[PDB]
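Since the structure comes first, as structure tokens, the remarks are kept for the end.
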Amino acid sequence: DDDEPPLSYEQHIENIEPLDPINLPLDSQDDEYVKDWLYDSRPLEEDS
Amino acid sequence: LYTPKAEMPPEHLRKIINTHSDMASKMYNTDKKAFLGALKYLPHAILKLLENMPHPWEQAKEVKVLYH
Amino acid sequence: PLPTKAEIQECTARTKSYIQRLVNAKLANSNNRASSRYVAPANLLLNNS
Amino acid sequence: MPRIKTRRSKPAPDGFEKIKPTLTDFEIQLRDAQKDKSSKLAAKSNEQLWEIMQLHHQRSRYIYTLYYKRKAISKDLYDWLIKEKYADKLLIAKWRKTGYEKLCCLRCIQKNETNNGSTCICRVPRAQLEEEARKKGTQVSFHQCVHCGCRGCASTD
Amino acid sequence: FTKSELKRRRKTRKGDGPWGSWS
Amino acid sequence: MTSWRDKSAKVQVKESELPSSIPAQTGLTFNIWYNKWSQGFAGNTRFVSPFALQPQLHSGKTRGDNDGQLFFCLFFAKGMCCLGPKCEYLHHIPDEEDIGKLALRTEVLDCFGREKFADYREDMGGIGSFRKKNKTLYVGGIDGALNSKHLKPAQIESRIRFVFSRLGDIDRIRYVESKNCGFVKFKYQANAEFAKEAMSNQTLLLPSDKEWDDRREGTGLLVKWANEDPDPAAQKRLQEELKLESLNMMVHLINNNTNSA
Amino acid sequence: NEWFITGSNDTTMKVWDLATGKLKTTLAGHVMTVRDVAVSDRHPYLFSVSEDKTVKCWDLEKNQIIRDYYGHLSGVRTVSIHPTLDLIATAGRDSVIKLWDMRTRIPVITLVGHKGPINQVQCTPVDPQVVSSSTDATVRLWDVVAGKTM
Amino acid sequence: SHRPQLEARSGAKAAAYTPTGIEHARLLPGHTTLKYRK
Amino acid sequence: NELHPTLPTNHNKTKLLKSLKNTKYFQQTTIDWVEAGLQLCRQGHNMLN
RNA sequence: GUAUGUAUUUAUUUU
RNA sequence: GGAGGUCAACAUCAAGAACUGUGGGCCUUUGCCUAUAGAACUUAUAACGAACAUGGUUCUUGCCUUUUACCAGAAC
Ligand SMILES: [Zn+2]
Ligand SMILES: [Zn+2]
Ligand SMILES: [Zn+2]
Ligand SMILES: [Zn+2]
């Protein structure tokens with residue numbers, strides 16, 4: 243609602259901790275190659 | 127010459143905004159004009175904000191902001 | 056005499072240069088961030109003292 | 001990367017606890033000096049900045065002296081820190097370079113920012129501004145590098 | 051100037067480096 | 001010497017106590033760009049200072065002195081400057097010698113580092129005018145004694161003299177009983193300005209007398225520049241002054257001139 | 152030398168054929184009457200100007216409009232094409248003689264002048280480069296670079 | 004008070020003025036380069 | 532969208548930021564998204580006011 | 001039913 | 001010296017199916033002919049982006065009190 247000036251970041255939100263996203267079960271058998279990195283923010287910032 | 131940019135702590139940013147938020151004084155009559163200036167550049171920022179959305183699977187995203 | 060050849064390529068010169076300095080100015084006044092694409101020690105003061 | 005703990009973030013290395021309090025005391029104080037203390041005077045508000053930069057500077061000197069100087073942690077602790085944005089890779093990469101060993105910041109070396117020239121008076125050793133204090137006689141009129149508050153940043157002073 | 055002169059000389063500044071106030 | 005030149009100057013007000021910003025309640029809502037109030041009309045805001053300087057008590061040595069600044073701290077000239085000896089702009093009464101320094105530049109700009117305009121202002125307002133020297137102050141709204149009438153207009157006189165007297169050198173003080181004003185006159189344009197920006201909006205008598213408690217709600221005495229003086233006497237006097245002065249400076253022009261021959 | 156170009160007071164511009172006398176084409180496209188026409192030598196252009204306060208460049212290659220030059224306070228009684236520099240010169244009831252730069256449509260120079268409407272502007276290759284005559288009954292002779300009447 | 008004009012505004016009265024800085028629409032660069040005849 | 536192409540603008544080569552980021556007055560640092568969401572909310576606000 | 005316009009001096013400018 | 005950089009500056013990217021340097025002959029520098037060397041990037045259901053927006057002028061329409069704002073096609 244409009245009466246409610248948005249609460250700043252340093253105080254309210256930084257302590258709250260994320261409450262997990264989608265992802266998906268995947269597997270240890272089918273997906274074994276891809277299960278490691280597939281969910282990184284950006285999949286590989288580094289793989290040589 | 128050309129050294130690269132010098133990255134700085136995130137606080138310096140949060141302090142900045144957390145001050146210039148309150149403006150009544152004389153000492154901001156520069157920054158006040160400054161504000162009207164960036165009003166031309168804002169729409170850009172929206173775009174450069176709103177293509178960075180964290181996407182369903184990421185929890186918390188970290189970006190590089192360039193701030194005034 | 057009709058104004059030759061080795062002449063008209065002077066008036067043409069001093070104008071053409073002077074104009075390009077005009078236009079170069081008036082574009083570089085204003086506020087197109089994209090107009091820039093289309094385009100000194102100078103002080104001895106007193107004696108230079 | 002992210003300062004925030006979250007699930008992506010590779011959980012802690014080991015000796016972490018032994019330093020963990022020293023870290024957290026800096027940390028609270030950042031939350032302390034971001035707290036929006038108003039002032040009518042520009043000289044202040046710029047001071048206010050000079051805090052956050054001071055603290056930040058100490059934390060990095062600290063992790064730094066641990067790892068390189070006395071070698072009081074192990075490379076994977078260190079590298080985990082730096083990955084978590086606890087301290088500047090860069091700045092410390094200056095403190096590895098020869099002269100800079102005491103350097104302020106990353107602004108105070110910038111050649112390209114300053115009007116002319118370079119390198120805030122922040123850098124010059126006292127032993128010279130004292131020399132203009134000698135010949136000209138005004139003493140030496142500098143106190144705080146507008147970015148920081150450095151005084152005698154160069155590693156002799 | 052000399053190294054000894056500088057090393058002795060600095061501790062004069064109030065607070066280590068480099069934010070320590072000369073004078 | 002032992003007074004100002006000796007011990008370092010002091011704070012007056014702690015930045016905490018420093019006055020409230022956002023001038024208060026002439027109207028409905030508070031405009032952000034300008035600092036004012038928005039709508040309606042009430043009688044204008046002006047008020048006595050809560051503050052004043054204390055000419056020999058607080059003045060002292062400061063930072064601009066050690067490092068050689070010029071213009072005088074005006075929030076010192078109100079004794080309101082919260083920076084103590086830290087303040088760059090100088091804290092103290094102008095001596096003659098400092099004016100020895102500024103006087104190079106006082107053609108254009110004040111002792112406070114502000115750039116005099118040309119045309120004065122509708123009312124003879126607050127900053128100087130470079131087309132002219134004026135050392136001479138109108139002083140009006142003397143009702144900043146509040147309304148207690150002090151048993152002689154020569155108590156007005158003693159009081160104006162007593163206050164403005166402190167700041168430095170003085171020529172004269174002519175009160176006017178017919179119309180309420182003082183008209184005062186000094187030596188140095190420097191001093192003049194300094195007194196001016198100091199003594200706006202003030203109240204009067206002892207560390208206490210009579211209504212002293214409530215002194216703080218008074219209007220405060222306007223201090224503004226003075227026009228010409230219509231009598232013959234002072235006027236002939238003026239053209240005299242200028243006259244003798246040209247009489248001196250001709251010696252300069254024959255010195256450099258004659259040398260250049 | 153095959154073709155006229157003919158202004159008109161119905162605001163058309165028809166291009167006749169010199170030899171035969173038949174009608175090649177119609178270039179229409181003005182609001183108010185066309186007072187004036189000039190045809191480039193070096194360029195395949197046609198600067199035609201009318202009284203709506205507009206210098207409308209043309210391009211012949213496709214028979215279409217290109218650039219609207221703009222900025223007179225009022226209607227424009229004469230165009231002419233500086234011969235060697237690639238510049239239009241125009242003027243009209245404002246009593247000023249403008250030098251339009253051709254490609255970027257800046258009125259680079261505004262020539263001051265007479266007390267009246269300006270009936271004809273003539274551009275010449277060497278000095279004085281613009282020659283112009285005004286219902287206050289004179290003929291100025293102009294030096295553009297210095298910027299004023301010679 | 005309707006008067007037939009007898010005149011027009013001399014360009015000069017304009018000419019002395021200082022500029023503006025507003026940017027209009029139709030001035031955005033287009034047809035940026037000319038064409039020449041053989 | 533495919534019947535009328537563009538074939539864009541060689542020389543676009545100065546992006547906004549590059550041109551802008553070089554000045555004294557901007558600084559670069561890193562930070563949580565939603566946070567920058569918020570600062571941009573205070574921003575857009577104080578501007579329009 | 002209205003736009004529009006006008007004045008709103010309080011704090012003593014030297015004989 | 002090697003590896004990297006969500007670093008910078010400066011070149012170049014729509015054309016005879018297309019670039020450049022050089023040796024030699026002719027005309028008189030251009031230009032034509034001959035010989036020779038080298039050609040990253042991008043092109044054939046044609047192109048720098050197996051992506052997809054906005055603006056201006058000009059005509060044709062469509063809503064239709066008039067203008068911004070517009071409806072849907074074309075050319076530049
Ligand atoms: Zn520093
Ligand atoms: Zn510095
Ligand atoms: Zn330093
Ligand atoms: Zn002060």
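Residue numbers (PDB author numbering), protein chains in the order written: chain V, 243 to 290; chain E, 127 to 194; chain S, 56 to 94, 100 to 109; chain Z, 1 to 157; chain R, 51 to 73; chain H, 1 to 261; chain C, 152 to 301; chain U, 4 to 41; chain W, 532 to 580.
Idealized CB from N, CA, C, for every residue including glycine.
Against chain U, a Cβ distance below 9 Å from residue 108/S picks out nothing, because the smallest value is about 33 Å. What you get when you keep residues with a C-beta closer than 5 Å to any heavy atom of ligand 1 is 104/Z, 105/Z, 108/Z, 148/Z, 150/Z. Going by C-alpha positions, residue 186/C is about 39 Å away from residue 535/W. Note that the region 187 to 201 of chain C touches the region 229 to 237 of chain C; at least 3 beta-carbon pairs, one per stretch, sit closer than 8 Å. Not a single CB atom of chain Z sits nearer than 8 Å to the CB of residue 58/R.
Per DSSP, the beta-bridge partners of residue 242/C are 229/C, 248/C.
In this structure, residue 557/W sits near residue 193/E, with a CB-CB distance shorter than 8 Å. Boundaries cannot be given for residue 254/C, as no beta strand (DSSP E) includes it and DSSP labels it neither H nor E. Any Cβ of chain V closer than 8 Å to the Cβ of residue 6/Z would place that residue at the interface, and such an atom is present. For residue 165/H, the three-state secondary structure derived from DSSP is helix. In the structure shown, residue 250/H falls within a helical segment according to DSSP collapsed to helix, strand and coil. Excluding sequence positions up to five before and after residue 177/C, its CB lies within less than 7 Å of the CB of 163, 165, all in the same chain and listed in chain order. Residue 58/Z sits exposed, since fewer than 16 C-beta atoms from the chains shown fall within 10 Å of its C-beta. Residue 122/Z has its Cβ nearer than 7 Å to a heavy atom of ligand 2. Residues of chain Z whose Cβ lies closer than 7 Å to the Cβ of residue 127/E are, in chain order, 111, 112.
For residue 35/H, the nearest beta carbon of chain E is closer than 8 Å to its own beta carbon. Of the candidates 184/E, 163/E, 131/E, 184/E places its Cα closest to the Cα of residue 284/V. The Cβ atoms of residue 38/H and residue 29/H lie closer than 8 Å to each other. Residue 73/Z and residue 64/Z do not touch by the CB rule: their CB atoms are close to 11 Å apart, not below 8 Å. Relative to ligand 3, residue 68/R has its C-beta within less than 7 Å of a heavy atom. In the assembly as shown, residue 532/W is an exposed residue. Its beta-carbon has fewer than 16 other beta-carbons within 10 Å. Within the region 539 to 554 of chain W, 553, 554 place their CB atoms closer than 9 Å to a CB of chain Z, listed in sequence order.
With contacts defined as CB atoms closer than 8 Å, residue 7/Z and residue 278/V fail to qualify as a contacting pair.
Distance from the C-beta of residue 254/V to the nearest heavy atom of ligand 4 is not below 7 Å. When secondary structure is reduced to three states using DSSP, residue 195/H falls in the helix class. Contacts with chain H at 8 Å (Cβ-Cβ) do not include residue 45/Z. Ligand 4 approaches residue 73/H closely enough that one of its heavy atoms is under 7 Å from the residue's Cβ.
The alpha carbon of residue 569/W has as its nearest neighbour, out of 171/E, 159/E, 166/E, the alpha carbon of 171/E.
Taking CB atoms only, residue 71/Z has no neighbour in chain W less than 8 Å away. Residue 247/V is outside the set of residues whose beta carbon lies under 8 Å from a beta carbon in chain E. Annotation: residue 89/S to residue 165/E spans about 18 Å, alpha carbon to alpha carbon. Residue 186/E places its beta carbon 8 Å or farther from that of residue 82/Z.
By the neighbour-count definition (other C-beta atoms within 10 Å, threshold 16), residue 104/S is an exposed residue. For residue 145/Z, the CB falls within less than 7 Å of some heavy atom of ligand 3. About 7 Å separates the beta carbons of residue 224/H and residue 123/H, which is inside the 8 Å limit, making them a contact pair. A Cβ-Cβ contact shorter than 8 Å links residue 34/Z with residue 252/V.
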